[PDB]
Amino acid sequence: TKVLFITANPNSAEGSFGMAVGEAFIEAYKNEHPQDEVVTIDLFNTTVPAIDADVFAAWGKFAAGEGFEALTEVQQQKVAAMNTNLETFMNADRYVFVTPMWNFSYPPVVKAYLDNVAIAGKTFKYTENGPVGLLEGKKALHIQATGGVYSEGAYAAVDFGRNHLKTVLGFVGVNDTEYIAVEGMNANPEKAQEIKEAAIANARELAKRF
């Protein structure tokens, strides 16, 4: 079993609530499954090319039947890094995402990553009734840290990072997801240590059944 620990937080577990909980999850998971492989992809230190003019030009050449050496050097670098991320993602069995909420969504690089990993003919296909995911046997967990409280009730509607992420995962065929919120720390700063420990405990229990 290959697990991708995909983090999108510029701070480490020492200064991020989400990273604290994600590291507790991952450690507890490793203890339960010593032989599982866990690769960390820190999206703040991984090349995750945005789709841009170079990418569209590259895709146009591939659609014209041309090969990799038809691309410029910059195009090659971007497509190579995109293929690497896609292949790493398709071949793993389990995905753990760690994100903070910034302005009602995730850091931009999460979107860039989803744009690398959602690819026609690789992770979804077109059908009569509409697009369907190609990925089978997968499971995901999203750990999201938020100042406010969005996990249930009316404010769930503006939890765009959570909801978009779950949507894209489902679209690509990963319909088995879990969610842990580390929430309310900014609404209640004196309760922040308790909120974190309760989320740590929740992550540790989930690690024994994920």
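Just count from 1 along the sequence shown to find any residue number.
- Averaged over their C-alpha atoms, the temperature factors of 131-139 and 91-99 are higher for 131-139.
- Per-stretch averaging of Cα B factors for 178-186 and 63-71 places 63-71 on top.
- Looking at the C-alpha B-factors along this chain, the one for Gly148 belongs to the middle third.
- The deposited CA B-factor of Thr40 belongs to the middle third of values across its chain.
- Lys111 sits in the lowest third of its chain by CA B factor, as recorded in the PDB entry.
- Residue-level temperature factors show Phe171 in the middle third of its chain, judged at the C-alpha atom.
- The deposited CA B-factor of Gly15 belongs to the highest third of values across its chain.
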